[PDB]
Structures are given as C-alpha cells and as structure tokens.
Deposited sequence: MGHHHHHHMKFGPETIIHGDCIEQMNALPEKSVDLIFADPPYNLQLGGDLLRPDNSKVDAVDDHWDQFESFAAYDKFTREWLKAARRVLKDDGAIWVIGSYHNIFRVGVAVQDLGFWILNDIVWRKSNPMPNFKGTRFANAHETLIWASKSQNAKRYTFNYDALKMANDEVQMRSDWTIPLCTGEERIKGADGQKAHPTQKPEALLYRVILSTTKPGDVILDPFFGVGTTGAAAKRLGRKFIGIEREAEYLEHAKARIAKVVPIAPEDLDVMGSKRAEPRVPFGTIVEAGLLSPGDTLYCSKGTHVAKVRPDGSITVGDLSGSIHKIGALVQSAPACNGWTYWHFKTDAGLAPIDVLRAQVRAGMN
C-alpha cells in the first residue's frame, strides 16, 4: 500500500486500478489498444512484408466490445485520479473518437486535443490514402468544476512561444537505440512510444514528485520518462515479457535535472492552391521563347508532356537538371518575375 517511487504491477489494469486508493494519482497517461481492425497482410513495393500490429491484445469483436472496455477502464481511471488531476489518452482515427466520447461522457473536461505529428511515419505504400502521419492525444481535467489542474505555462516560459504553445508536436518515431529489442533481436514491443512525447506531457502537466499512473505500461516508456524527470509512477501491464523489458530499462535510467526543426517544403502545388497563380496561367522563361501552362496540381504542360516545374523545365532546355524556381517566370504588372518570388512569399508565412 505504501508505494516507493517506482511501482510495476503485473495484471489487468481494471482490476488493479480498482485495488488502488481513490484520488491517489496526479496524472494518468493511457496508450490503450487502438483496435486497428486490419484485414490481412500488407506488402511493401519490394514485396517484403510489413510487421503489422496483429497481437491478440488489439483484437476486439466489434465497436461495442471496444466501447464497453473503454468505458470500464476510464471509469476506474477517474476513480483513482485526484480532483485537481488530469488524464492523457492517445489514439489514431481508429479509436480516438470513441475514446473522446467516453472521456466526455464520464465527466472529464477536455482542455486540449494534441496532435503528435510524426516526422518519419510508415508511408502509404499502394497509393490509396493520405499517409497516416499523426496521432491524437486528449488532455482533460477530472471535471470542468475542478479547482486548478497543473499547466506549467510560466515555468516552461511559453509566453508567445510559437512552438511550445502549439497543439501540434513534431516528434520522430521510436526507432534506433531507444527502440527496445527483444530476445529474438527484433522490436520487443510493436507500439512503443517515443520518450520525447512523454517529456512534453510530463513537463507541462506535472510537478516534480507527482504520481503518474500508466494502466497500459508496455515496455515502461511512461516510467522511464517519469523517473528521468523526477516523477513517481505506477505501471500496470498484463504481459509478463513486456514487464521484463520495462524493469531492465527503468533500472538503467539516470535521473537528470529537468531544467536542462528541419526546413519545410514549399511545393509549387501550394502556390497554385493559394491562388497566387491560377491553373491555365502561362509560365515563361527569361526571354519568353518557351511557355508552359499551369495545372491545378502544380504540374505544368508543354506540348503533350506534363510534369513538375523541374522535370519540364529540364526538358524544355534539353538539360539534365533544372531549378524550375529560377527558370520559370510569371507575368506581373512590371514584367516577368521568377516563380521563386512566390515561393519565398509562401515560405515567409510558414
């Protein structure tokens, strides 16, 4: 009953949370199974198989079975949460809307939805959808009548900080050395979250010494980040082999003192989308002997051939490479000007 700074519990999160005292934790971070509902095998363009999340703990018979599970552990989570505490839940489109409805139905007050913008997600291989390049976190206090939840706005110096105050966080996947390897040399856990995501949650909505509960502990990512930042934690996980890796990982964590951005692309298609050029407009060269027509997707046409400003600009000169930004010009009131001016105009607004 008298826990230490690190507590790892083997069992089902509903049963184990119900055994904890009520109003006992300052923050809850939940990474529940998403119930991806995958049909079958997916192959990369080189015919190699994707190691998909097909584990038994992500299989649910239906939406209704997932909703009953969701409302059950959320109710147990709300019981052990302190009155001035908060909960974080993460998901993708497969589940985050069902989690969010259950969060609101149980009396939580959603303060923000936070987007985890993945810099290096697995792409869409067949060309059937947009690349699923993000996940969604929900940050909610225990009630809208709650006294005062924790939000370290003045401590983190977030006043007018254009990157900290944003509700979208650009963070890479958990790969490389941080990705814990199992006994077979492969990944130990299929859905391990990057520690950098947990750092932003912990440092913004907890104080040193606070108790963080993770009812889906996995390989102990919440615990490793809490211990490194001077927070106490309680982890619950059903799988014993994940807990073996979590215990060995956390024992190697050295607590630090917590007080201790790539260039974005500007596609030509964005300039046409913004209306700075219209589809059907004409692009000229420096002299005006070569012309191209703008298409709605940022491609351009010369004769019967179409393509990007760089491929077509290279074809119109019979040259290997070409920088279409400096080669193509658009008519203004003062004559021809390179489309690179419009690229700098959109770039300055980003």
property: Coordinate gaps, deposited numbering; result: 1-8, 269-275, 366
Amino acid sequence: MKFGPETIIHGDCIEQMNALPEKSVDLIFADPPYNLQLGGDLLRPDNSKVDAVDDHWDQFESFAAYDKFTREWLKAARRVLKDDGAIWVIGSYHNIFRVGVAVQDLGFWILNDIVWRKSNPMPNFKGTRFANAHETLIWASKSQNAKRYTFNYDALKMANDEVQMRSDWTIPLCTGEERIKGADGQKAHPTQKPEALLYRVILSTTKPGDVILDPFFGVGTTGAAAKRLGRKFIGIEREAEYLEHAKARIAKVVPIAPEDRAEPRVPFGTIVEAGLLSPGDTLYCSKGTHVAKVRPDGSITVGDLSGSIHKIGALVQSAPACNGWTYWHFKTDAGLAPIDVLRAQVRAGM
From here on, numbers count along this sequence of modelled residues.
query	finding
Stretch with the greater mean C-alpha B-factor as recorded in the entry, comparing 157-165 against 70-78	157-165
Stretch exceeding the other in mean C-alpha B-factor - 166-174, 180-188	180-188
Identity of residue with top Cα B-factor, from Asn124, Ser278, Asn120, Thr206	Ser278
Largest Cα B-factor, entry values, listed residues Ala196, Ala146, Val101, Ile138	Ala146
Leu315 by Cα B-factor - lowest, middle or highest third of the modelled chain	highest
Where the record places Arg265 (Cα B-factor, split into thirds across the chain)	highest
Third of chain Cα B-factors occupied by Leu243	middle
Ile212 - which third its CA temperature factor falls in, relative to the rest of the chain	lowest
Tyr284, C-alpha B-factor rank within chain (lowest, middle or highest third)	highest
